[PDB]
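[1] Build the 3D model from these lines:
(chains A and B)
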Amino acid sequence: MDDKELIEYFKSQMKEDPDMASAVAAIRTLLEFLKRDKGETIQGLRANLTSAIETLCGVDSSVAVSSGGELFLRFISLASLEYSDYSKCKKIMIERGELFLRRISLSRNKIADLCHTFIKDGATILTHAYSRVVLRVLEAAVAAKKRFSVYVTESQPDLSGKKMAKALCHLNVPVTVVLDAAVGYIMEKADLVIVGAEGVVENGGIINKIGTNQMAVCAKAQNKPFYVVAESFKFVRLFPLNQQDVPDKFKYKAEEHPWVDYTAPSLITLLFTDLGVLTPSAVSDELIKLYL
Amino acid sequence: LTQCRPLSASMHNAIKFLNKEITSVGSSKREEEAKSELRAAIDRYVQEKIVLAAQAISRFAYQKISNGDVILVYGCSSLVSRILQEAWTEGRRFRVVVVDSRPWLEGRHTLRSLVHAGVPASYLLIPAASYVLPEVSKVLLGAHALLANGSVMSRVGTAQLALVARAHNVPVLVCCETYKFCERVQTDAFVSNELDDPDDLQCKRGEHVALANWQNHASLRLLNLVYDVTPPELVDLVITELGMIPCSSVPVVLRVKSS
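    Numbering: from 1, shown residues only, chains lettered A, B, ... in the order given. For reference, the structure is listed below:
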């Protein structure tokens, strides 16, 4: 499989279904690459998959793509540990990959059904920018016949907050748009903050759009619960010590304008994943359980 | 009088004022004139420091009370009751949450007042306060004394309410007349306090009193604290006849009232 057709398949699966996220598209492209590789050794298989992951992360500078890459490499490593013969291992891999794709396709609805019960009637929800998982949880909460008012931040560098407001008014949910600088002004009117995450780091913190850290610190200062809804495949084994420790491949190209920031686990109340409702300390355990 | 019961801060300030006024009486002054002037000075002190001060504090607090807000009060305070009554009379519409504590249960007094004024009211004990603070918008607390460092000396449990209100992002307002301002400082409730009668802690639960004959147990002790101290960091605003000030401005008032 050529590099050009790899990028073409990635872009085609991203464009065909805008609802589906970037990490799922990357994992699908990697599984499609593994589908037709015409190889005979698992060593070259691993090397080719790693190179495909590097070029895919070259296409998109998101943390979720790299998360999916490491998760997929671990999946191949475990499958190889199960079976030594290349043909049996490869067929086991393709069936397991199909099951994995099926399970990660429906994570959003599980997170919605597990998180919509934390919204109360007459609550005031603050969210940062556009995130399909937050849209899904709010849709499920509305389907639960609950009435609430949503606040959203315009998300200045690309106005995805306005897109969130439009996609929320589509279902006639009362929503409001505030500036990036008005977040500290709005915290006291909101009851809880719900955000997504492009990547969940080892210690339980998150990587997200540049304005997430401000909301986390403001909510902590005003004693408001901070909920993060994120998928399992966004679990990177990263340990940022500060904002400078975040890898530069995720900050830029996605005066000086970073596109992401890191939020410490002490500023997060609970994480809503397809694994369930977890404390941040659980996430690390998961990773420790994954890599032996 | 101190032997009958330890003197309060207001009584201490009144004693200071009366001693200063008696010392200021000249020797050449006639005895009848001196006595009449002393009585008139006491009457004027009562008037200015209580009645006009309460009216000014009510007018000041009217601007901080809006329609549809929930105000939390603790125990019994004449200033708080007057503030709420005049706020309701002038046309503000709101509801009040009354918090009470054992064994005095003075909050019931305030409750009755509110019921006789037409103000909607709720009643609960202090341990349940954290349950009701989510729906509370402002906390209005009376003060027995304001200390030179900004701390609020009040009925035991007031600092509890201030801490729990800060935990719920609820502003805490203290109303106090400037004649209750004290030059002394106090960091905790142990160094200076009052011990009430321990037998008041006995309560009839079911058909037996568990604390009956509690002195028969050598290692058993009963503690009945009267006062506690609220640090200035737990108070958002002080309402006085001078106006709305921060706690850090309490010494400033003490500077301008003295001279």
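
[2] How far off centre is whichever strand or helix holds residue A:141?
    Here residue A:141 sits within helix A:132-143, counting by DSSP states H and E. Remark: helix A:132-143 is offset 16 Å from the chain centroid, using CA atoms, centre = their mean, to the nearest Å.

[3] Does the closest residue to chain A within chain B fall in a helix, a strand, or a coil region?
    In chain B, the residue that lies nearest chain A is residue B:169 (5.4 Å; CB to the nearest CB). All C-beta atoms are positioned from the backbone trio N, CA, C, and that covers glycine. Here residue B:169 is recorded as coil under DSSP: H, G, I helix; E, B strand; the rest coil.

[4] Does it touch residue A:188 like I think?
    Yes: contact between residue B:169 and residue A:188 holds when scored by CB atoms under 8 Å: they sit 6.5 Å apart.

[5] Comparing the two, which residue is more hemmed in?
    Legend: neighbour count by other CB atoms under 10 Å in any protein chain shown for residue B:169 and residue A:188, higher for residue B:169 (14 against 11).

[6] shared neighbours, residue B:169 and residue A:188?
    residue A:222 (CB atoms under 8 Å, 6 or more residues apart in numbering or on different chains).

[7] quick one, phi psi at the residue of chain B positioned farthest from its centre?
    Relative to the centre of chain B, the most outlying C-alpha is that of residue B:28, 41.4 Å out, by CA atoms, centre = their mean. Dihedral angles of residue B:28 (phi, psi; degrees, to the nearest 10) stand at phi -70, psi -10.

[8] could you check the distance from it over to residue B:34?
    Noted for residue B:28: a distance of 10 Å to residue B:34, by CB to CB, to the nearest Å.

[9] For the most centrally placed residue in chain A, give me its contacts.
    Central residue of chain A (CA atoms, centre = their mean): residue A:198, 3.9 Å from the mean position. Counting by CB under 8 Å, 6+ apart, residue A:198 touches A:62-64, A:206-209, A:234, A:250, A:260.

[10] Burial check on residue A:151, number of neighbours?
    Using other CB under 10 Å: residue A:151 sits among 22 other residues.

[11] Just say helix, strand or coil for it.
    strand.

[12] Check the contact between it and residue A:174; I expect there is one.
    No: the criterion here is CB under 8 Å, and residue A:151 misses it with residue A:174 at 9.8 Å.

[13] burial of residue 3, as a residue count?
    No chain in the question, so chain A it is. Counted with other CB under 10 Å, residue A:3 comes out at 12.

[14] The intended chain is chain B.
    5.

[15] which SS state does the residue lying closest to residue B:138 once chain neighbours are set aside fall under?
    Nearest residue to residue B:138 in three dimensions, chain neighbours excluded: residue B:71, at 5.3 Å (CB to CB, 6 or more residues apart in numbering or on different chains). The three-state assignment at residue B:71 reads strand, by three-state DSSP.

[16] likewise the one 5 residues further on?
    Using three-state DSSP, the structure places residue B:76 in coil.

[17] So which residues on chain B come close to chain A?
    Chain B has residues B:167-169 near chain A, with proximity defined as CB under 8 Å from any CB of the partner chain.

[18] repeat that for 6 Å
    Residues of chain B lying close to chain A (CB under 6 Å from any CB of the partner chain) are residue B:169.

[19] would you list every one of the helices in chain B?
    All helices of chain B, identified by DSSP state H, fall at B:9-23, B:31-46, B:53-62, B:78-90, B:107-117, B:129-132, B:158-167, B:250-258.

[20] Contacts for the shortest one, please.
    This means helix B:129-132. B:97, B:99, B:161, B:164 (CB atoms under 6 Å, 6 or more residues apart in numbering or on different chains).
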